[PDB]
Ligand SMILES: *[C@@H]1O[C@H](CO)[C@@H](O[C@@H]2O[C@H](CO)[C@@H](O)[C@H](O)[C@H]2NC(C)=O)[C@H](O)[C@H]1NC(C)=O
Ligand SMILES: *[C@@H]1O[C@H](CO)[C@@H](O[C@@H]2O[C@H](CO)[C@@H](O)[C@H](O)[C@H]2NC(C)=O)[C@H](O)[C@H]1NC(C)=O
Ligand SMILES: *[C@@H]1O[C@H](CO)[C@@H](O[C@@H]2O[C@H](CO)[C@@H](O)[C@H](O)[C@H]2NC(C)=O)[C@H](O)[C@H]1NC(C)=O
Ligand SMILES: *[C@@H]1O[C@H](CO)[C@@H](O)[C@H](O)[C@H]1NC(C)=O
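Residue numbers (UniProt numbering), protein chains in the order written: chain A, 646 to 694; chain B, 257 to 305; chain C, 160 to 208; chain D, 14 to 62; chain E, 306 to 308, 311 to 354.
Here it is, written out as structure tokens:
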């Protein structure tokens, strides 16, 4: 009922109630790089990639 | 027939369809220990302690 | 002891005596190949499981 | 001696010629005999230790 | 800079005990008389 990889994580499973398969995808969690001058109101944001 | 069990370490090989092809007991011979420490069935050329 | 159900025996099946249904934690039936020649099982425990 | 309840005492004797036998075969995990799959995990085209 | 837990949860687990099947016994074609009032004890099951 579960799908695992060589690294040890889970990347999929199967539902026993509806007989449908899925692929578990990791969710986004990143930071923002902001450039700020000496005296400014708001800095300039940059979402990398 | 009954035989005792012990906490061992084995190496499993999975094919495209997820069927176990062969297994190697890491406490059988020295080549088995090499395959255990290299995490592969075709270890490279080198000196292993 | 276990009493044969195909050809019978001289004794009666008696391995437990319970007037009412005792407290059970697991109960499930499984099916296997009747025309099989050999069967293999694995039983072990760790951390109380 | 397993239990502590008297259930049947029809024919009980003391047989002293019952000795378990030792098989002539050994454990061979080369082709996969003696190994069990994971609980509910699937591995495709991987080598897991 | 800085780099929330939704309340939506998915809980799936295979049961270890069979169903009680109380509706099958209550909807039986045989209805006992008030003098009989047959009794069936249900234990170690899920409902
Ligand atoms: C999911 O697949 C399983 C496997 O085929 C289905 O179980 C079968 O159900 C039919 C219909 O009752 C039975 O005749 C078979 O004997 C069952 N097979 C097994 C191995 O149990 C199951 O019904 C499917 N579930 C859904 C929601 O489609
Ligand atoms: C698993 O199978 C066994 C044997 O087929 C079932 O035991 C039977 O239970 C019924 C109902 O209590 C009795 O009338 C039979 O006499 C029992 N047979 C034997 C050989 O003891 C058991 O009920 C099954 N378990 C489940 C959960 O279905
Ligand atoms: C199964 O795994 C093997 C090993 O990773 C894969 O073989 C590699 O395939 C890539 C892409 O074709 C090549 O660049 C590598 O050189 C191959 N390595 C070896 C050692 O042969 C194989 O492609 C995988 N098969 C499937 C269906 O995913
Ligand atoms: C059960 O085993 C016999 C003998 O090994 C085989 O002929 C038969 O096909 C098996 N049953 C199933 C359903 O595979």
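Just so you know, even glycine gets a beta-carbon here, dropped at the ideal spot from N, CA and C.
A distance below 8 angstroms between beta-carbons, with the five flanking residues on each side excluded, links residue 306(E) to no residue of its chain. Put simply, the segment 320 to 329 of chain E touches the segment 179 to 189 of chain C. At least three CB pairs are less than 8 angstroms apart.
Not flagged as an interface residue toward chain D: residue 179(C), since no C-beta distance is shorter than 8 angstroms.
Per DSSP, the continuous alpha helix (DSSP H) segment holding residue 286(B) begins and ends at 286 to 294. Under the three-state reduction of DSSP output, residue 329(E) falls in the helix class.
Counted as a single uninterrupted DSSP element, the beta strand (DSSP E) harbouring residue 659(A) occupies residues 655 to 659. With at least 16 other beta carbons inside 10 angstroms of its own, residue 291(B) counts as buried.
Each residue's CA atom was taken as its position, placing residue 650(A) and residue 296(B) some 16 angstroms apart. Here DSSP, grouped into helix, strand and coil, assigns residue 280(B) to strand.
Contact residues of ligand 3 (beta-carbon closer than 7 angstroms to any heavy atom; chain order) are 272(B) and 58(D).
When only Cα atoms are considered, residue 60(D) and residue 664(A) end up about 28 angstroms apart.
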